[PDB]
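Heads up, the thing below is written out as structure tokens.
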Amino acid sequence: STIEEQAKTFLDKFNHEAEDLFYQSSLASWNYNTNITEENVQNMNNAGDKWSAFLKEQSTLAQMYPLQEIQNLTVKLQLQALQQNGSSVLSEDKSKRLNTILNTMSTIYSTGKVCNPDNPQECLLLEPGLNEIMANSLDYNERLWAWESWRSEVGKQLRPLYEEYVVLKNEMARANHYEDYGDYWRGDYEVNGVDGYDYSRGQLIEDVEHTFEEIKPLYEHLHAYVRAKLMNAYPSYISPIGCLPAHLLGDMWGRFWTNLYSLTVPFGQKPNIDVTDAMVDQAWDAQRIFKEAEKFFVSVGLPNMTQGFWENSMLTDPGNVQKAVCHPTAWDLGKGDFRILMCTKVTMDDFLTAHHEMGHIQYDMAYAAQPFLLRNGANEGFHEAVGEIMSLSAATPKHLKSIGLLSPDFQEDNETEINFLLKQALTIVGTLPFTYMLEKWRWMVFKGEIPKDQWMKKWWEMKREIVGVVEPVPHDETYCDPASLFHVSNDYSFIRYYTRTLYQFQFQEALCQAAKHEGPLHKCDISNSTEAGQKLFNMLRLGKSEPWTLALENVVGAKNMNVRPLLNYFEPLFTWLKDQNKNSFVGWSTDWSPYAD
Amino acid sequence: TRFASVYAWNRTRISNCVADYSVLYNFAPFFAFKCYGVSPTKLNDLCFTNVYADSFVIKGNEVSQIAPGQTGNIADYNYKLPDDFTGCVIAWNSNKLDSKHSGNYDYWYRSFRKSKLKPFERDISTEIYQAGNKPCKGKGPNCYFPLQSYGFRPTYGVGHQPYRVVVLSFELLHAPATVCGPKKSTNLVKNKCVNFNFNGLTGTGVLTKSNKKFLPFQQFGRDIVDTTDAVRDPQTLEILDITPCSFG
């Protein structure tokens with residue numbers, strides 16, 4: 001016998017118990033999220049502990065199968081996935097301290113609250129009230145007060161915890177032969193051992209910077225337009241050449257500019273495209289939404305759903321008699337068990353989220369044929385991109401008119417198209433510079449290019465330089481405003497969203513070219529096109545057994561991220577912005593600040 | 001009620017009876033069945049010396065492996081049919097009966113063995129499968145158990161549901177066969193020139209009642225010229241005479 005046969009037998013023995021315990025943990029988590037009871041919480045905790053013990057006992061045993069003597073690529077990938085040490089390489093005390101700091105930061109973020117100075121007994125939470133002020137208020141004083149109080153109450157307690165967290169993550173990365181924790185995150189994009197498809201971590205940074213520089217003109221035009229509109233929306237509060245305040249971006253952190261559509265609408269006299277009223281008139285429900293989504297996914301050429309999918313998925317609100325998490329989540333249990341947890345209502349946003357979750361479930365069923373260790377997408381953003389392309393295809397006016405929602409007398413005009421493109425840009429293009437800036441700041445903090453006494457200073461400098469956002473109050477080093485975000489405090493990366501934003505447009509262009517679409521890109525409908533769906537499924541069925549570059553080239557013909565799809569999509573909006581900004585200044589100045597007076 | 005495991009399938013001998021396949025739909029009519037080298041329509045009147053029936057339970061995806069020339073975890077180490085097998089393979093779903101909550105581990109299947117099994121071979125050995133070059137001893141690294149449990153759950157997909165499979169075998173030898181197929185039998189008309197067939201005796205003539213007295217072991221009589229002139233009803237045991245139809 002050889003080492004390869006021993007590794008194959010070990011994987012055959014492993015996969016059975018692995019899938020069994022994974023199905024058990026998934027069922028426990030489903031029972032928890034569908035019925036919040038003490039028994040369900042205890043079962044979920046027990047399943048998590050059992051899964052952790054299983055991952056621990058399977059580790060340190062696969063090390064007896066060296067990768068240098070393995071010829072099969074699948075066996076080598078499975079062994080590499082089983083020979084991961086994680087944070088267990090450090091001492092027990094350091095790991096316990098890291099876990100305690102993570103739990104404390106998560107608790108502080110979840111328990112974030114802002115109390116009224118005039119009444120200490122009245123307090124508002126982050127999501128229920130603060131974000132709502134930022135979405136639906138125009139009082140500058142109240143927004144400034146909230147933006148100051150939230151950070152003064154949250155960030156001032158997370159600075160040393162975040163410092164020690166970064167220190168421990170850097171120590172763990174150096175223990176795993178990595179330069180820093182950002183390098184450990186970028187290592188997921190690294191590809192080796194494939195001729196013509198290798199990828200390095202520095203190449204990722206180079207491509208991200210190149211895409212940022214390519215989006216920079218369009219983002220500058222969009223920012224100039226938004227500033228010119230806020231000059232009338234907020235008189236004497238927006239500088240003609242200065243940066244925009246942080247509390248006037250539509251939310252608490254400035255992630256998405258979707259809330260600014262009501263203040264930056266080009267043509268307010270045109271009606272908004274919304275099929276919610278048509279769905280209510282036709283007496284639709286969650287069942288009808290999911291059935292139409294299934295019909296679309298069959299017309300595009302994807303497999304049907306199973307009976308257990310419709311029998312187990314909680315597609316309706318269980319009410320107060322059974323507390324459940326109405327957050328739309330996709331669940332993969334294995335052994336042919338696929339469930340969706342979503343309290344779907346009669347709206348267009350839920351109609352698109354249903355197609356998103358259905359694309360997720362289709363990707364799950366596609367990579368289910370691969371071994372359990374390979375039952376995952378080629379990248380973290382692949383599932384979200386496959387969901388978003390289907391959501392955009394369903395959001396097209398052609399698809400909504402073909403299914404009987406839009407009236408047959410519906411007429412299209414250039415103003416509605418421009419408004420839709422501007423909304424899609426504020427929802428999609430607006431978050432890309434902020435995401436890039438935040439990810440670069442986190443990478444520089446992990447690597448150590450920014451001294452500890454200048455963290456917030458460099459944060460605000462990068463903000464003003466990249467996102468064109470100036471802070472109203474110069475917060476010193478005692479604040480930890482960047483850690484006041486979910487993805488930052490719960491140890492999640494942000495480059496995944498940028499990669500998904502690129503991949504969704506790339507996949508959309510590829511499917512529209514495969515479907516022989518003619519005309520604008522936003523008018524492309526992949527309905528009744530089995531070729532594009534089959535081509536997408538041919539890549540979705542591979543899972544993580546192949547590098548992301550090969551999976552990307554099998555769909556769009558490119559081995560790297562491409563910015564041309566976004567430009568081809570926003571070309572009409574780009575021309576409109578270039579024509580409208582002839583009377584205003586393009587760009588932003590980092591010297592102006594609200595506290596300069 | 002309880003079927004045997006796939007690695008320990010039992011063989012049931014069937015002889016000295018008529019093989020009626022219509023009663024199978026009584027116990028579940030979802031009997032998806034495929035035949036090889038024979039057809040169920042032509043099997044309704046064939047004769048065989050001995051009939052053997054095997055039974056075992058497998059998953060949904062493993063049903064396609066029970067066929068001549070297949071290869072898989074079941075076809076190589078649990079149960080295999082010869083390349084020239086003559087018979088039919090019957091299978092049906094059993095998720096509503098053989099599956100229990102928290103997994104049903106009562107069924108086991110062989111997954112690791114040093115050699116593949118021959119057709120119609122049974123092996124229940126539980127020796128530890130030695131994967132490494134070093135001699136195996138005890139249990140640990142490079143040590144694997146040859147049997148694995150299914151763990152049937154009612155919420156599993158159709159491909160993982162338990163399926164009860166029954167294979168019928170037929171054998172013919174130089175011995176008087178005792179298993180044959182179902183027959184027919186019609187009515188009985190009299191005073192008419194019609195064709196008749198009494199338990200293999202063919203002819204033509206008019207059938208009327210006679211006054212002969214046959215002994216309990218007699219079946220048919222003959223006259224001086226050794227021609228058939230009287231027979232008995234196999235279902236009435238009465239005496240009937242045979243007369244040739246008119247001619248001239």
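Going by the structure tokens order, chains are called A, B, ..., each with residues numbered from 1, while ligands are numbered from 1 in the order shown.
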
Within 12 Å of chain B, which residues of chain A come that close, and what is the closest atom pair and distance in Å for each? Count only C-alpha atoms and give it as JSON lines.
```
{"residue": "A:1", "atom": "CA", "partner": "B:133", "partner_atom": "CA", "distance": 6.0}
{"residue": "A:2", "atom": "CA", "partner": "B:132", "partner_atom": "CA", "distance": 7.7}
{"residue": "A:3", "atom": "CA", "partner": "B:132", "partner_atom": "CA", "distance": 8.1}
{"residue": "A:4", "atom": "CA", "partner": "B:131", "partner_atom": "CA", "distance": 10.5}
{"residue": "A:5", "atom": "CA", "partner": "B:131", "partner_atom": "CA", "distance": 7.6}
{"residue": "A:6", "atom": "CA", "partner": "B:131", "partner_atom": "CA", "distance": 5.9}
{"residue": "A:7", "atom": "CA", "partner": "B:142", "partner_atom": "CA", "distance": 9.2}
{"residue": "A:8", "atom": "CA", "partner": "B:131", "partner_atom": "CA", "distance": 10.0}
{"residue": "A:9", "atom": "CA", "partner": "B:131", "partner_atom": "CA", "distance": 7.5}
{"residue": "A:10", "atom": "CA", "partner": "B:142", "partner_atom": "CA", "distance": 7.8}
{"residue": "A:11", "atom": "CA", "partner": "B:144", "partner_atom": "CA", "distance": 11.2}
{"residue": "A:12", "atom": "CA", "partner": "B:111", "partner_atom": "CA", "distance": 9.3}
{"residue": "A:13", "atom": "CA", "partner": "B:144", "partner_atom": "CA", "distance": 7.5}
{"residue": "A:14", "atom": "CA", "partner": "B:144", "partner_atom": "CA", "distance": 10.7}
{"residue": "A:16", "atom": "CA", "partner": "B:148", "partner_atom": "CA", "distance": 9.0}
{"residue": "A:17", "atom": "CA", "partner": "B:149", "partner_atom": "CA", "distance": 10.3}
{"residue": "A:19", "atom": "CA", "partner": "B:151", "partner_atom": "CA", "distance": 11.5}
{"residue": "A:20", "atom": "CA", "partner": "B:151", "partner_atom": "CA", "distance": 8.7}
{"residue": "A:21", "atom": "CA", "partner": "B:102", "partner_atom": "CA", "distance": 11.5}
{"residue": "A:23", "atom": "CA", "partner": "B:156", "partner_atom": "CA", "distance": 9.9}
{"residue": "A:24", "atom": "CA", "partner": "B:102", "partner_atom": "CA", "distance": 8.9}
{"residue": "A:27", "atom": "CA", "partner": "B:155", "partner_atom": "CA", "distance": 10.2}
{"residue": "A:28", "atom": "CA", "partner": "B:102", "partner_atom": "CA", "distance": 11.9}
{"residue": "A:58", "atom": "CA", "partner": "B:141", "partner_atom": "CA", "distance": 11.5}
{"residue": "A:60", "atom": "CA", "partner": "B:141", "partner_atom": "CA", "distance": 11.5}
{"residue": "A:61", "atom": "CA", "partner": "B:141", "partner_atom": "CA", "distance": 8.0}
{"residue": "A:62", "atom": "CA", "partner": "B:141", "partner_atom": "CA", "distance": 9.9}
{"residue": "A:63", "atom": "CA", "partner": "B:141", "partner_atom": "CA", "distance": 11.5}
{"residue": "A:64", "atom": "CA", "partner": "B:141", "partner_atom": "CA", "distance": 9.1}
{"residue": "A:65", "atom": "CA", "partner": "B:142", "partner_atom": "CA", "distance": 10.8}
{"residue": "A:305", "atom": "CA", "partner": "B:157", "partner_atom": "CA", "distance": 11.3}
{"residue": "A:306", "atom": "CA", "partner": "B:157", "partner_atom": "CA", "distance": 8.0}
{"residue": "A:307", "atom": "CA", "partner": "B:157", "partner_atom": "CA", "distance": 8.6}
{"residue": "A:308", "atom": "CA", "partner": "B:155", "partner_atom": "CA", "distance": 7.1}
{"residue": "A:309", "atom": "CA", "partner": "B:157", "partner_atom": "CA", "distance": 9.6}
{"residue": "A:311", "atom": "CA", "partner": "B:155", "partner_atom": "CA", "distance": 9.7}
{"residue": "A:312", "atom": "CA", "partner": "B:155", "partner_atom": "CA", "distance": 8.8}
{"residue": "A:333", "atom": "CA", "partner": "B:156", "partner_atom": "CA", "distance": 9.6}
{"residue": "A:334", "atom": "CA", "partner": "B:156", "partner_atom": "CA", "distance": 8.4}
{"residue": "A:335", "atom": "CA", "partner": "B:156", "partner_atom": "CA", "distance": 5.8}
{"residue": "A:336", "atom": "CA", "partner": "B:157", "partner_atom": "CA", "distance": 4.5}
{"residue": "A:337", "atom": "CA", "partner": "B:156", "partner_atom": "CA", "distance": 6.2}
{"residue": "A:338", "atom": "CA", "partner": "B:157", "partner_atom": "CA", "distance": 9.4}
{"residue": "A:339", "atom": "CA", "partner": "B:155", "partner_atom": "CA", "distance": 11.4}
{"residue": "A:365", "atom": "CA", "partner": "B:157", "partner_atom": "CA", "distance": 11.8}
```

message: To test your reading of the structure, identify every residue in segment 354-470 of chain A that backbone DSSP assigns to helix (DSSP H, G or I), and report it as a PyMOL selection string.
response: chain A and resi 354-367+372-374+382-395+397-402+414-428+431-447+452-467

field: Shell of 9 Å around residue 15 of chain B, only C-alpha atoms, local chain residues under 4 positions omitted, as a ChimeraX atom specification
entry: /B:48-52,177-179

All strand (DSSP E) positions in segment 320-546 of chain A, as JSON, numbers by chain: {"A": [329, 330, 331, 332, 333, 334, 337, 338, 339, 340, 341, 469, 470]}

Write a file of the selected residues as a compact mmCIF listing (two decimals), in the first residue's frame, keeping N, CA, C and O atoms.
```
# COMPACT_ATOMS: atom_id res chain seq x y z
N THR A 329 -32.14 33.36 5.69
CA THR A 329 -30.89 32.63 5.69
C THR A 329 -31.06 31.35 4.89
O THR A 329 -32.14 30.76 4.85
N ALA A 330 -29.97 30.94 4.24
CA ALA A 330 -29.93 29.70 3.48
C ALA A 330 -29.26 28.62 4.32
O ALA A 330 -28.23 28.87 4.96
N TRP A 331 -29.85 27.43 4.31
CA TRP A 331 -29.38 26.33 5.15
C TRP A 331 -29.12 25.09 4.30
O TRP A 331 -29.97 24.69 3.50
N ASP A 332 -27.94 24.50 4.49
CA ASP A 332 -27.57 23.26 3.84
C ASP A 332 -27.31 22.21 4.92
O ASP A 332 -26.37 22.35 5.71
N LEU A 333 -28.15 21.18 4.95
CA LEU A 333 -28.06 20.14 5.97
C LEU A 333 -27.38 18.87 5.50
O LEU A 333 -26.88 18.11 6.33
N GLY A 334 -27.34 18.62 4.19
CA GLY A 334 -26.77 17.40 3.66
C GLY A 334 -27.78 16.28 3.55
O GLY A 334 -28.92 16.36 4.03
N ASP A 337 -31.10 17.32 2.21
CA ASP A 337 -31.94 18.19 3.03
C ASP A 337 -31.52 19.63 2.80
O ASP A 337 -30.39 20.01 3.10
N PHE A 338 -32.44 20.44 2.27
CA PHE A 338 -32.20 21.85 2.01
C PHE A 338 -33.41 22.65 2.48
O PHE A 338 -34.54 22.36 2.09
N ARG A 339 -33.15 23.66 3.31
CA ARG A 339 -34.22 24.44 3.93
C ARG A 339 -33.92 25.92 3.79
O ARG A 339 -32.76 26.34 3.66
N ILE A 340 -34.98 26.73 3.82
CA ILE A 340 -34.89 28.18 3.77
C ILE A 340 -35.72 28.76 4.91
O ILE A 340 -36.90 28.43 5.05
N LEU A 341 -35.10 29.61 5.72
CA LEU A 341 -35.77 30.28 6.82
C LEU A 341 -35.96 31.75 6.46
O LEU A 341 -35.01 32.53 6.49
N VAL A 469 -15.27 61.53 2.72
CA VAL A 469 -16.09 61.74 3.91
C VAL A 469 -15.21 62.36 5.00
O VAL A 469 -14.16 61.80 5.35
N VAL A 470 -15.64 63.50 5.52
CA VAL A 470 -14.93 64.21 6.58
C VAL A 470 -15.73 64.07 7.87
O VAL A 470 -16.96 64.13 7.85
```

Might you pull out every residue within 12 Å of residue 42 of chain B, with only C-alpha atoms counted and same-chain residues fewer than 3 positions away left off, and present them as a PDB file with C-alpha atoms, in the first residue's frame?
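Output saved as part.pdb:
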```pdb
ATOM      1  CA  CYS B  35     -36.088  -8.613 -15.288  1.00  0.00           C
ATOM      2  CA  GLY B  37     -33.159 -12.898 -19.581  1.00  0.00           C
ATOM      3  CA  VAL B  38     -36.872 -13.438 -18.939  1.00  0.00           C
ATOM      4  CA  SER B  39     -40.165 -11.542 -19.142  1.00  0.00           C
ATOM      5  CA  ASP B  45     -46.499 -20.476 -17.576  1.00  0.00           C
ATOM      6  CA  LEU B  46     -42.841 -21.523 -17.265  1.00  0.00           C
ATOM      7  CA  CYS B  47     -41.675 -24.391 -15.058  1.00  0.00           C
ATOM      8  CA  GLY B  87     -34.744 -13.718 -13.184  1.00  0.00           C
ATOM      9  CA  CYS B 180     -44.646 -24.084 -12.623  1.00  0.00           C
ATOM     10  CA  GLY B 181     -46.835 -21.126 -13.559  1.00  0.00           C
ATOM     11  CA  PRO B 182     -50.565 -20.380 -13.128  1.00  0.00           C
TER      12      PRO B 182
END
```

message: Excluding segment 3-8 of chain B and its own-chain neighbours fewer than 4 positions away, which residues fall within 7 Å of it when counting only C-alpha atoms? Please give them as a list in words.
response: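 Surrounding residues, per the criterion: residues 55, 56, 57, 58, 78, 79, 107, 108, 109, 110, 122, 123 and 124 of chain B.
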